[PDB]
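Next up: just one chain, as structure tokens, the form solved without its partner chain.
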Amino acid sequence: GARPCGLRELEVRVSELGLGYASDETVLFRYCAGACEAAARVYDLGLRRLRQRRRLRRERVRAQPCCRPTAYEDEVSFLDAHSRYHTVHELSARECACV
């Protein structure tokens, strides 16, 4: 799809996140997804024109914006299968942008 880059939310079992934890506890996971065509820049035009002509000393360059978090949630706490209290830092996104 091509909905614009933004914050999305999904209710997930923490065992689905693959953190190494067995947990059937549900957490609200927030993430960044979507299209960045409206976010086109003159920088990206020039960079694409230079990569094509082999002017960038064979380095990997990103000439298109990426939809990514600009900020993260500080803490997500949950209990595991042994009822042990756990905290995870910067699990969910708090804000998104086409970078």
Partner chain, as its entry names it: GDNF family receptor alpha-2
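Positions refer to the first chain, counted from 1. Superpose the two forms; the largest set of C-alphas matching within 1.5 Å is the rigid core. Shifts are known only where both forms have a C-alpha.
J.: Can you tell me whether 1-9 has a higher mean C-alpha B factor than 89-97 in this record, or the other way round?
T.: So the stretch with the higher mean C-alpha B-factor is 1-9.
J.: On mean Cα temperature factor in this entry, is 40-48 or 23-31 the higher one?
T.: Mean CA B-factor is higher for 23-31.
J.: Which third of the chain does residue 55 land in by C-alpha B-factor: lowest, middle or highest?
T.: It falls in the middle third of the chain.
The discussion below concerns the form deposited with its partner chain bound, not included here.
J.: Note that its partner chain is not shown here; using its position in the bound PDB entry, name the residues of 57-78 with a heavy atom within 4.5 Å of it, in sequence order.
T.: In sequence order, 73, 75, 76, 77, 78 come within 4.5 Å of the partner.
J.: Fit on the rigid core and then flag the segments of at least 3 consecutive residues whose Cα positions all differ by 2 Å or more between this form and the one not shown.
T.: Segment displaced between this form and the one not shown after core fit: 37-40 only.
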